[PDB]
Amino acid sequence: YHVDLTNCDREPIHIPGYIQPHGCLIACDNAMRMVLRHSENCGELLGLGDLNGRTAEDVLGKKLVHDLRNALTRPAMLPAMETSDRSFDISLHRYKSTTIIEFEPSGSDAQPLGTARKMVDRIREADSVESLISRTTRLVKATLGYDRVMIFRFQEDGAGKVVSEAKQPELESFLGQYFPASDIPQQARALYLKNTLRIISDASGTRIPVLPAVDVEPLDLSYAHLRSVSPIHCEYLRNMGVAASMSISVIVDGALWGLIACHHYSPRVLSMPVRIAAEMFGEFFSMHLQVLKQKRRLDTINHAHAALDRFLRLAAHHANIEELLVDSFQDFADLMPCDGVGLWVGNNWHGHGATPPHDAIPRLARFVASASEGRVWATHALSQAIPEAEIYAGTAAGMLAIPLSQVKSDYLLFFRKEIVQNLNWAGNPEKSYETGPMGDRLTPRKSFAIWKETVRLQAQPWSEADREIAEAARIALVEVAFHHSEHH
């Protein structure tokens, strides 16, 4: 009946009963024969009496309904459609056996293909994920004219990290900030996956009711670009000073990688033709990112194999493998991202970088021995496995253990610091936010504080690539040990 902080995790944001006022909406039966529903502003916007029950040809003219019926062969995006009286940008789709027609007054626009080609040409030569992600916020802001453009990337736990930002010089920075998974509820994530673009013209605009809200059953606006916005998010945006937004969904391995989020501090909406271009840019961006990400993964795997092969050849001419490992173990830190590495062999410890103290190591080795079946064991939350590890979480909150034997509890141990310790936040800790009725929950400062609490005593998770490199290292050492036993 009324959304608040206790139920916003389940708000039915796909059936709000309202649209935003920058266009009007007509809902027809699946044949587009009769008008079933309309937004209240259809009269004003299109120049029409009482719309429900009239035929589509009566309301819109036979010529337009004919062209629209043809188009029904993603919603169809049809700029500069000639109405019976003027030009309208029309979005047309069928869902839940309902035809939804969305109208915006047409302006003067370039062909979307040409706008998109200009943008795509300025990222297509990026040859690292870093270079693509940093340039894209600057390019999008320059092309679309928003006050702020950010990219955020979803973390393994569903949190967002802001990884790129272009902004007006007077704004606060969010670069290197995180927000908790709960800042974007599951239904919003489902709709970001389904729709390339999400448009908010005015976070404080009066909603326009869909007549009727409930029929003789609510209207499913999942694919309607005019669909109204959650009061919770509108309040969040108002607290930030944001009045408008457009997000471009980033799809990698068929899932929602993150968003290109465009924010404006005054009501703002892009023409349909520029939105078509943005959608084409989004598709290209996603594919180029996926290709760069794959090449980065391949290069990091090949780097590890090259290093471990050098180690195999080195060890072949060494009578004392323990001594070689005591002299060499620091070099293994270069296989994967870590803040420390150590060697635990025959109840003797050797450490490099950020590691637990020497006295803490026996408890860690005993735990891994009990917990693993002679393969790699890794956690990003040590205190959860070993309460005692809380004391040294600042230095080492995460551990990946590579067994050196199936008959002795000897390990190569990799460590990561508590994630808050490696923050590179460009933001202003003295920047404060106004609130509304829901209070300070709906502010970036509180979002960030909630995130910090969700990852307290935790490190950056060990990725599938980190685990693949650990397995390669485990195997290379089995091989060093076996050939050593063969030849001695």
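Position 1 is the first residue in the sequence shown; the rest follow in order.
Colleague: Please count the deposited residues lying between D85 and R86 that the model leaves without coordinates, and give the class: none, 1 to 3, 4 to 9, or 10 or more.
Modeller: According to the record, 1 to 3 deposited residues lack coordinates from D85 to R86.
Colleague: Count of coordinate-less deposited residues separating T73 and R74, as none, 1 to 3, 4 to 9, or 10 or more?
Modeller: 4 to 9 residues are missing.
Colleague: Using only C-alpha atoms and the B-factors in the entry, which stretch averages higher, 189-197 or 367-375?
Modeller: Comparing 189-197 with 367-375, the higher mean C-alpha B-factor belongs to 367-375.
Colleague: Return whichever of 52-60 and 454-462 has the greater mean Cα B factor according to the PDB record.
Modeller: Stretch with the higher mean C-alpha B-factor: 52-60.
Colleague: Looking at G158, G205, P169, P356, which has the highest Cα B-factor in the entry?
Modeller: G205 has the highest C-alpha B-factor of those listed.
Colleague: Could you check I248, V407, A243, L144 and tell me which one carries the biggest Cα B-factor in the deposited entry?
Modeller: Each of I248, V407, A243, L144 was compared by C-alpha B-factor; the highest is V407.
Colleague: Split into thirds by Cα B-factor across the chain's modelled residues, where does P273 land: lowest, middle or highest?
Modeller: Middle third, going by the recorded CA B-factors of the chain.
Colleague: Ordered by C-alpha B-factor within the chain, which third holds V210? Give me lowest, middle or highest, please.
Modeller: For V210, whose C-alpha B-factor we compare with every modelled residue in the chain, the answer is the highest third.
Colleague: Compared with the other modelled residues in the chain, in which third is the CA B-factor of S108?
Modeller: Ranked within chain, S108 CA B lands in the highest tercile.
Colleague: Among the modelled residues of this chain, does the Cα B factor of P387 put it in the lowest, middle or highest third?
Modeller: Answer is highest: the recorded C-alpha B-factor places it there.
Colleague: Based on the deposited C-alpha B factors for this chain, I'd like to know if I184 is in the lowest, middle or highest third.
Modeller: Its C-alpha B-factor, which the entry lists for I184, ranks in the lowest third among residues of this chain.
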